[PDB]
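Q: structure, please.
(one chain, ligands or ions: 16)
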Amino acid sequence: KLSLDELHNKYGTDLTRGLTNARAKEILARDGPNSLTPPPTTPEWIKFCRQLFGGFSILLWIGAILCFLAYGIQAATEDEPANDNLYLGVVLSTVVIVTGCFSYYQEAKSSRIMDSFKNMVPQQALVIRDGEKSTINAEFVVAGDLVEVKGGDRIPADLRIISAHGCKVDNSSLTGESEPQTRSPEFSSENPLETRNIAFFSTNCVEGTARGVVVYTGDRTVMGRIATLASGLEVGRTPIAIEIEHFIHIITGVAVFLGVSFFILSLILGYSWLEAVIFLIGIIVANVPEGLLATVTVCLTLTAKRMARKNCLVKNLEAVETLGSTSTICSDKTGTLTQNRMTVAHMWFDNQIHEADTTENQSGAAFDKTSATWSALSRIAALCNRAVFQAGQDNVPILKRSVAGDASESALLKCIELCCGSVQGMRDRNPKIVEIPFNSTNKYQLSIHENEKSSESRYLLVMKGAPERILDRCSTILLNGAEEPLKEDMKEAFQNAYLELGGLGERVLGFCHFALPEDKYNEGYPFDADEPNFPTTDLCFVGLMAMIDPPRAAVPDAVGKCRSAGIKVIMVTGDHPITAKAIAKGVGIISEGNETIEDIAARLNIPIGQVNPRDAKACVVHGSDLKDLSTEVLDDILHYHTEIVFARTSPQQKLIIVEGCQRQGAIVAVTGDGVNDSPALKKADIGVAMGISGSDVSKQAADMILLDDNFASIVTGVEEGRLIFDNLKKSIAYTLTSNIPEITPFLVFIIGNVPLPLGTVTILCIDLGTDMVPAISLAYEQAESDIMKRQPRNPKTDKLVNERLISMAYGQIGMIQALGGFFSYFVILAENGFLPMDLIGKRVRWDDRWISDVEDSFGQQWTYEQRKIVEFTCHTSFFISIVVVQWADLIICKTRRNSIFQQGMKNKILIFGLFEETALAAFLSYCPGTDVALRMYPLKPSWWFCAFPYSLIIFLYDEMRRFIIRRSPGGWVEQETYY
Ligand SMILES: C=C(/C=C\C[C@@H](O)[C@@H](O)[C@H](O)C/C=C/C=C\[C@@H](O)C[C@@H]1O[C@H](C[C@@H](O)[C@H](O)C[C@H]2O[C@H]([C@H](O)[C@H](O)CC[C@H](O)/C=C/[C@H](C)[C@@H](O)C[C@]3(O)O[C@H](C[C@@H](O)CCCCCCC[C@@]45C[C@@H](C)C[C@@](C)(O4)[C@@H](C[C@@H](C)CCCCC[C@@H](O)[C@H](O)[C@H](O)[C@@H](O)[C@H](O)[C@H]4O[C@H](C[C@H](O)[C@H](O)/C(C)=C/[C@H](O)C[C@@H](C)[C@H](O)C(=O)N/C=C/C(=O)NCCCO)[C@H](O)[C@@H](O)[C@@H]4O)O5)[C@H](O)[C@@H](O)[C@H]3O)C[C@@H](O)[C@@H]2O)[C@@H](O)[C@H](O)[C@H]1O)CC[C@H](O)[C@@H](O)[C@H](O)[C@H](C)C[C@H]1O[C@H](/C=C\[C@@H](O)[C@H](O)C[C@@H]2C[C@@H]3C[C@H](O2)[C@@H](CC[C@H]2O[C@H](CN)C[C@H]2O)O3)[C@@H](O)[C@H](O)[C@H]1O
Ligand SMILES: CCCCCCCC/C=C\CCCCCCCC(=O)OC[C@H](COP(=O)(O)OCC[N+](C)(C)C)OC(=O)CCCCCCC/C=C\CCCCCCCC
Ligand SMILES: CCCCCCCC/C=C\CCCCCCCC(=O)OC[C@H](COP(=O)(O)OCC[N+](C)(C)C)OC(=O)CCCCCCC/C=C\CCCCCCCC
Ligand SMILES: CCCCCCCC/C=C\CCCCCCCC(=O)OC[C@H](COP(=O)(O)OCC[N+](C)(C)C)OC(=O)CCCCCCC/C=C\CCCCCCCC
Ligand SMILES: CCCCCCCC/C=C\CCCCCCCC(=O)OC[C@H](COP(=O)(O)OCC[N+](C)(C)C)OC(=O)CCCCCCC/C=C\CCCCCCCC
Ligand SMILES: CCCCCCCC/C=C\CCCCCCCC(=O)OC[C@H](COP(=O)(O)OCC[N+](C)(C)C)OC(=O)CCCCCCC/C=C\CCCCCCCC
Ligand SMILES: CCCCCCCC/C=C\CCCCCCCC(=O)OC[C@H](COP(=O)(O)OCC[N+](C)(C)C)OC(=O)CCCCCCC/C=C\CCCCCCCC
Ligand SMILES: Nc1ncnc2c1ncn2[C@@H]1O[C@H](COP(=O)(O)OP(=O)(O)OP(=O)(O)O)[C@@H](O)[C@H]1O
Ligand SMILES: CC(C)CCC[C@@H](C)[C@H]1CC[C@H]2[C@@H]3CC=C4C[C@@H](O)CC[C@]4(C)[C@H]3CC[C@]12C
Ligand SMILES: CC(C)CCC[C@@H](C)[C@H]1CC[C@H]2[C@@H]3CC=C4C[C@@H](O)CC[C@]4(C)[C@H]3CC[C@]12C
Ligand SMILES: CC(C)CCC[C@@H](C)[C@H]1CC[C@H]2[C@@H]3CC=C4C[C@@H](O)CC[C@]4(C)[C@H]3CC[C@]12C
Ligand SMILES: [Mg+2]
Ligand code: NA
Ligand code: NA
Ligand code: NA
Ligand code: NA
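A: Residues are numbered from 1 along each chain as shown. Ligands and ions are numbered 1, 2, ... in the order given. Provided below are the atomic coordinates:
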């Protein structure tokens, strides 16, 4: 409740010149940037407690505790004790600590990449300083400067409206109601939230333009004070995640059951009540997989970094998964398909077609520049146009300089300045009184100006737009200079002219004008843009103007890839069905051979109505018919046609098409740029907002932001989206196989009563060696050729972890790695004197420190450490046999449909893993001192080869398993083993 003078006198500001740059910076440094502050959080404290002290590591923490107590009772009691317990504790503790460090290096990394994407797409407001308009980052606006807003932009700070032009804002986020409240410079209510002279933070200007003085800036804003609570906010969990968990739950159920079962087997066999609970605890801990979620989050984050390098920024992680399943892409033409760098080609007037483009000069012998009709046409183009040359281009040529405005007005302005002269004087010769702006719903631009004729003080009215709309507003035609009527002979010549200019892939516009009678509209009467002050019809059409705009380079290949993938492409354009049909013919939407109902009517020379609608694979629907049509007809066209093109479609219409595409049971992505589009961008599954030309509304309302505004970028993004899935399945498959060889020894040991084949140290060596680096390498795998030559996926029918993965890992591959390790075990014992038949039952006697007289097969007598040494040599051999079989498992994990001879060994990280693991096994087995500390003993040369036959069998089996898949689709192998 103040005035414009009181406001400018309180903060200090020129209503018509704004602030000065020096003063603006003085205030900018005086009170801090216009950006909210970060909220409270937990430091490394709660970050490390969850890592080193979580749920699975807790048990290891116990193992360490127990062992230390085992050493204390020893050193305190027994003279000259042993040290296997002290080193066991020193090893276990180091394992919990490392696992924690690795996990930390991953959790932080993801939390940082996400923060990087937030500054990729910052926000920039329009401020007026020293009398000039400039677009600066929202973080540089201060209190006092002048700020201008336009329908589609966001209010930067708390403004005080000083001048508005039918400006409306969406005040729904703050108080909650989306009806657009109009912002007027006058004051209306005592409550600041109800008055119209104040713009607010985070609001959006729906329609209109306005000016205002920044009253409040930074955290000193309404939503800033309210943010105390907003801080907490809310997040979510992607599908894939709730898929992995679910799995974990089932496995836990299976594990708890088996625990109780192994319990009854133990007591029916005579163990100690305590030994049965010890077994239950160990078995349930060994059946539940560990790591799944960490690898899913890391893989997703890394893939997102890969996608941002290829131009696709995602507002969240759920978009990374939905992009792969994409079935339909509803894209626009001017901005996505074409280049928006248009240029005029053919003009129509005096019932004649005229060419242009006088090579940046006055040559080319286009047409007599003297033509009267041409003077009128050149004048309306130069007058109704709203674009202007960018300041300081007095040096560059007429075609290569920079302009500000629509691409249509830019092409028009350049043609008129090259062969018609300076527009600023042409614009001052006639003074502009009232102008009405373009719009997609109107489809025309009009304005009235004074007439520079010193003998005629009347008013001139000019308007341009889609040739059909303008034709409906004319009853005369400027012909050869005079006026004539629009009868059917020239009406048909005009129709054939539209197809002539349209077939050339050029855009076409209509231009008309009319002399307003100064007797009914005097020189003093003001024609406010509210009611019908100008005769819409009865105008004088002067002539058409056409311009070219070509497609992108990579576009043809993109549509071809979509056709091979089993993806439908639809062109939704606001242009004509011809120009549409043409662009479609070029990009590849409408391939050769397919015809429409009109094509068949033309070939057969039969009425279009007689032709059978099912006979045509492709079609083109118009806007008027779409307005009239119902739901069943729409489903008919969407289901029966393969290539559908939509012309003269308004923005509000789009939602119906999207709802029809989803009714079928398909995932859709829509590209948007304006304000009317926003509703659609929310209903679809993937909202692609333009980054270059988009508005704050389109970006806030969408899931993804295209950084370059290219259609070819999308298809590449979907390729990146499918690769994530393929690699995730491969990695999980490689991790789950090692479970079988680690559990089978503890089973035969208890049931069969034989010496323990695998221990604690060796098992820890397996988990950390063959499952960490090779698994990580799998993520980096390349894409198999087939990636784009395969149908999309149905999330309901195809899941990540299904009953087939467990079939390949546990059942087929696993059992083989187990047999491979058992062979090395049997061989080591047989050679040292203990044969296989004599081994069944020796455990009871084997594990007794007191029987130094143990007798072997050849009759020798063994002490306690002499036999324990051979057992440890078996632990080391088992370990190596596991690394050897892992070689094969890893190689076969690279591809699931192609062979490795086809895919190739170009992955470097995977190779690194093979060499490094082999090195770890050789090092631990041969190093001089591991004996005392880790309990591993040297392996003789003839033993390393025991696992080789089992390693080759796995590779050959998978190779054939794949050949049968490639040859017989939908067969038994694909139904059963294709995971
Ligand atoms: C950290 C862990 C925890 C521990 C770790 C541990 O290892 C180590 O840290 C150590 O602790 C280190 C700690 C050290 C601490 C301190 C030390 O430093 C210091 C030194 O320690 C030394 C000790 C140390 O030297 C020791 O030796 C260490 C070992 O300890 C364990 C030993 O064995 C054993 O404990 C020895 C100790 C002693 O023996 C204890 C005895 C009992 C307590 C108790 O009985 C004695 C006594 O009686 O207790 C009394 C107290 C009472 O209140 C208690 C009440 C009793 C309740 C009764 C109810 C029973 C119950 C319960 C019901 C639920 C069900 C039910 C059926 O039974 C039901 C039925 C009722 C109706 C029964 C009623 C019975 C009545 C009984 C009671 O009344 C009492 O007995 C009674 O009151 C008594 O007073 C009385 O005397 C009674 O006597 C008799 C009773 C009978 O005896 C008794 O009842 C009997 C027999 C029952 C029998 O079952 C009957 C049967 C026959 C049956 O019925 C039968 O006939 N069947 C006939 C069948 C038949 O015909 N069939 C014919 C078929 C025809 O068709 C009599 O009968 C009764 O009448 C009479 O009343 O109710 C009281 O105090 C006294 O009385 C006392 O004497 C073993 C270990 O713990 C340890 O090694 C000390 O000597 C020394 O002085 C000290 O200085 C977690 C573990 C790990 O998770 C796991 O890995 C684990 O490590 C492995 C499993 C190890 C195994 O493998 C190792 C090698 C490698 C492994 O590590 C590998 O890692 C394995 C892994 C595992 C998994 C899988 C796989 O492999 C790998 C895969 C993983 C991979 O995948 C991953 C992915 N996630 C990644 C990767 O990791 O992980 C091996 O080395 C291990 O050896 C091996 O085990
Ligand atoms: C829980 C999941 C486990 C997964 C794999 C577990 C691996 C376990 C494999 C073996 C463990 C059992 C212990 C074997 C000891 C049995 C000894 C035996 O058997 O002594 C019989 C013969 C020895 O004859 P001799 O020359 O000394 O007699 C000479 C006679 N004179 C001279 C008078 C003419 O030994 C033979 O013939 C060959 C016997 C060697 C071992 C055969 C064991 C059974 C056969 C295949 C097992 C693999 C099954 C795979 C199943 C996959 C799904 C689970
Ligand atoms: C010290 C440690 C040494 C370790 C040595 C390991 C040796 C390897 C072990 C076994 C190898 C044999 C496995 C054969 C399995 C069948 C593979 C198969 O059927 O692949 C089919 C592919 C055809 O694919 P496509 O036409 O669909 O591609 C289309 C590509 N697009 C789409 C671009 C046109 O064929 C191809 O890629 C052509 C590839 C041909 C490779 C032939 C290898 C066989 C030669 C000797 C094998 C060893 C025999 C016994 C050895 C005992 C050794 C002591
Ligand atoms: C005693 C008996 C033991 C039996 C045990 C069995 C063990 C496992 C059995 C087999 C595993 C090894 C199989 C190796 C496969 C080689 C395949 C190959 O050669 O496919 C030729 C490729 C294709 O080329 P392209 O241009 O047509 O691809 C175009 C790709 N597109 C179309 C995407 C552009 O060429 C390339 O990949 C580029 C050249 C890559 C050369 C890789 C050489 C390294 C191979 C293995 C490393 C050793 C690891 C073991 C470490 C322990 C050692 C102590
Ligand atoms: C990637 C992760 C996967 C695997 C992770 C495994 C985690 C394990 C972490 C730590 C384990 C520490 C093991 C400590 C090594 C032994 C220390 C020790 O307690 O030794 C005690 C022995 C004394 O025995 P004694 O007197 O009873 O013998 C009597 C012999 N009689 C009587 C027959 C003559 O000391 C001796 O023998 C003297 C020999 C000293 C041995 C020097 C070897 C250096 C050890 C590690 C350095 C290697 C790091 C790798 C760097 C790679 C660079 C590229
Ligand atoms: C481009 C870069 C490629 C890199 C590939 C991997 C690099 C491989 C690195 C090293 C491998 C060579 C190892 C040579 C070691 C010989 C040392 C030796 O003196 O050893 C003697 C033993 C005999 O022991 P004994 O029990 O009779 O006497 C015991 C007598 N006492 C115990 C009383 C003393 O003999 C043995 O260990 C035999 C040793 C094994 C013989 C090698 C057979 C493999 C040959 C080629 C396969 C290479 C894979 C490439 C595949 C490419 C596919 C595209
Ligand atoms: C140390 C040893 C190292 C090497 C060991 C090598 C072991 C690997 C050897 C073979 C791999 C076994 C793979 C098992 C898959 C067989 C499954 C099968 O039965 O699938 C039959 C399919 C039928 O498909 P469908 O759609 O008509 O079914 C329609 C079904 N309904 C009517 C119900 C809808 O395909 C057909 O019938 C036609 C295709 C038949 C393919 C036969 C492939 C034989 C290839 C190699 C075996 C020879 C190895 C020789 C080595 C000598 C070693 C001493
Ligand atoms: N400044 C303008 N004034 C008047 N008419 C214009 C102007 N710019 C373009 N036109 C024409 O008005 C009509 C409205 O087109 P509109 O902007 O709705 O869609 P479009 O150019 O086909 O683009 P897109 O498919 O990207 O939405 C078109 O025939 C266009 O050529
Ligand atoms: C699920 C996990 C964490 C439970 C771990 C249980 C541990 C603490 C239990 C399991 C078996 C127990 C041992 C069983 C037998 C004996 C022998 C006795 O003379 C001293 C105690 C001692 C050595 C016990 C100590 C505690 C012990 C090691
Ligand atoms: C350690 C040993 C004794 C365990 C042996 C486990 C074997 C028998 C288990 C491991 C994985 C299992 C398979 C897992 C999935 C399926 C798919 C289902 O539609 C039919 C059963 C089938 C094919 C299972 C059969 C039993 C199976 C092969
Ligand atoms: C392709 C297929 C059929 C070849 C199978 C070859 C079999 C018979 C070969 C492969 C590796 C070989 C083993 C390699 C090393 C040793 C250690 C030695 O001290 C005793 C023999 C023994 C245990 C061999 C026995 C024969 C063996 C198992
Ligand atoms: Mg558009
Ligand atoms: Na693990
Ligand atoms: Na959405
Ligand atoms: Na594996
Ligand atoms: Na594992």
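Q: please count neighbours and contacts with C-alpha atoms only from this point.
A: Will do.
Q: dihedrals phi and psi, residue 772?
A: phi -100, psi -60 (degrees, to the nearest 10).
Q: give me every residue in the stretch 701-850 of the chain lying close to ligand 5.
A: Residues of the stretch 701-850 of the chain lying near ligand 5 by Cα under 6 Å from any ligand atom: 765, 768, 769.
Q: for those, which one is nearest residue 229?
A: Using Cα to Cα, residue 768 comes nearest to residue 229 of those, at 43.8 Å.
Q: how far does the helix or strand where that closest one lies sit from its chain's centre?
A: Secondary structure assignment for residue 768, by DSSP states H and E: helix 760-770. Relative to the centre of its chain, helix 760-770 is centred 38 Å away, using Cα atoms, centre = their mean, to the nearest Å.
Q: contacts for that helix?
A: Residues from elsewhere that reach helix 760-770 (Cα atoms under 8 Å, 6 or more residues apart in numbering): 742, 875, 876, 879, 882, 883, 886, 917, 920, 934, 935.
Q: please parse this protein into its domains.
A: 1-33+113-232, 50-103+233-326+712-979, 327-339+551-711, 340-550 (CATH domains of a matching chain).
Q: the biggest helix by length in the chain: which residues count as buried?
A: As assigned by DSSP state H, the longest helix anywhere in the chain is helix 84-120. Within helix 84-120, the residues that qualify as buried are 85-89, 91-93, 95-96, 100, 104, 110, 114, 117, counting by 16 or more other Cα atoms under 10 Å.
Q: for the helix or strand that the helix holding residue 768 is followed by, name the packing helices and strands.
A: Once the chain leaves helix 760-770, the next helix or strand it forms, by DSSP H and E, is helix 773-779. Contacts defined by 3 or more Cα pairs under 8 Å, 6 or more residues apart in numbering; DSSP states H and E place helix 773-779 against helix 711-737, helix 908-926.
Q: which ones are touching residue 688?
A: 669, 670, 671, 672, 681, 702, 703, 704, 705, 706.
Q: my understanding was that residue 523 contacts residue 458; is that so?
A: Yes. Applying Cα atoms under 8 Å as the test, residue 523 and residue 458 come out as touching, 7.1 Å apart.
Q: more neighbours: the two, which one.
A: Taking neighbours as other Cα atoms under 10 Å, residue 523 and residue 458 compare with residue 458 leading, 18 against 12.
Q: does the closest residue in space to that one that isn't next to it in sequence count as helix, strand or coil?
A: Counting by Cα to Cα, 6 or more residues apart in numbering, the nearest residue to residue 458 once its immediate chain neighbours are dropped is residue 518, at 5.1 Å. The three-state label given to residue 518 by DSSP: H, G, I helix; E, B strand; the rest coil is coil.
Q: compare the contacts of helix 760-770 and tell me which is most surrounded.
A: Ranking these using other Cα under 10 Å puts residue 876 first, with 28 neighbours.
Q: counting neighbours, what do you get for residue 538?
A: The burial count for residue 538: 15, using other Cα under 10 Å.
Q: can you pull the contacts of it?
A: 473, 474, 475, 476.
Q: backbone dihedrals for the last one, please?
A: Listed backbone geometry of residue 476 is phi -130, psi 170, with angles given as degrees, to the nearest 10.
Q: ok, it - contacts?
A: Residue 476 neighbours (Cα under 8 Å, 6+ apart): 483, 484, 485, 486, 538, 539, 540, 541.
Q: the residue of the stretch 151-300 of the chain found nearest ligand 5: neighbouring residues, count only.
A: Proximity of the stretch 151-300 of the chain to ligand 5 (Cα to the nearest ligand atom) peaks at residue 291, 17.5 Å away. By other Cα under 10 Å, 10 other residues sit near residue 291.
Q: how far away is it from residue 162?
A: From residue 291 across to residue 162, the span is 60 Å (Cα to Cα, to the nearest Å).
Q: about what we covered before: which among the residues of the stretch 701-850 of the chain next to ligand 5 end up buried?
A: Neighbour counting with 16+ other Cα under 10 Å marks 765, 769 as buried within these.
Q: which one of the residues of the stretch 701-850 of the chain next to ligand 5 is nearest to ligand 15?
A: Using Cα to the ion, residue 769 comes nearest to ligand 15 of those, at 11.0 Å.
Q: just the buried subset of the contacts of residue 538, please.
A: For the contacts of residue 538, buried by 16+ other Cα under 10 Å: 473, 474, 476.
Q: tell me how far residue 802 lies from residue 247.
A: For residue 802, the distance to residue 247 (Cα to Cα) stands at 9 Å.
Q: neighbour count winner among those two?
A: residue 247 (15 against 11).
Q: so who does residue 896 touch?
A: 962, 978.
Q: so whichever residue of the stretch 601-750 of the chain sits closest to ligand 8 is in which element?
A: Residue of the stretch 601-750 of the chain nearest ligand 8, by Cα to the nearest ligand atom: residue 650 (6.7 Å). Taking DSSP H and E as the definition, one finds residue 650 inside no helix or strand.
Q: neighbours of it, just the number please.
A: Count around residue 650 with other Cα under 10 Å applied: 17.
Q: again with residue 869
A: Using other Cα under 10 Å: residue 869 sits among 15 other residues.
Q: now it: closest residue in space, sequence neighbours ignored.
A: residue 937 (7.8 Å).
Q: all helices for the stretch 51-200 of the chain, in order.
A: In the stretch 51-200 of the chain, the helices defined using DSSP state H, counting those that start in this stretch lie at 57-77, 84-120, 172-175.
Q: tabulate those helices (CSV), appending distance to ligand 14.
A: Below are the helices of the stretch 51-200 of the chain laid out as CSV (distance: least, Cα to the ion, whole Å):
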stretch, distance to ligand 14
helix 57-77, 39
helix 84-120, 19
helix 172-175, 18
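Q: looking at the ones you listed, which is closest to ligand 5?
A: helix 84-120 (5.8 Å).
Q: next, the angle helix 760-770 makes with that closest one.
A: 20 degrees (axes from the mean of the first three to the mean of the last three Cα atoms, to 10 degrees).
Q: next, the angle helix 57-77 makes with the longest helix of the chain.
A: Using the same axes, to 10 degrees: helix 84-120 against helix 57-77 is 150 degrees.
Q: for residue 635, which residues are in contact?
A: Contacts of residue 635 (Cα under 8 Å, 6+ apart): residue 660.
Q: now the residue most central in space within the chain: phi and psi?
A: The centroid of the chain falls nearest to residue 314 when counting by Cα atoms, centre = their mean (4.3 Å). Here is the backbone geometry of residue 314 (degrees, to the nearest 10): phi -100, psi 130.
Q: now do the contacts for it.
A: 304, 320, 703, 704, 705.
Q: need the residues you listed in a markdown table with neighbour count, can you?
A: Formatted as a markdown table, those follow (neighbours: other Cα atoms under 10 Å):
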| residue | neighbour count |
| --- | --- |
| 304 | 25 |
| 320 | 27 |
| 703 | 24 |
| 704 | 26 |
| 705 | 25 |
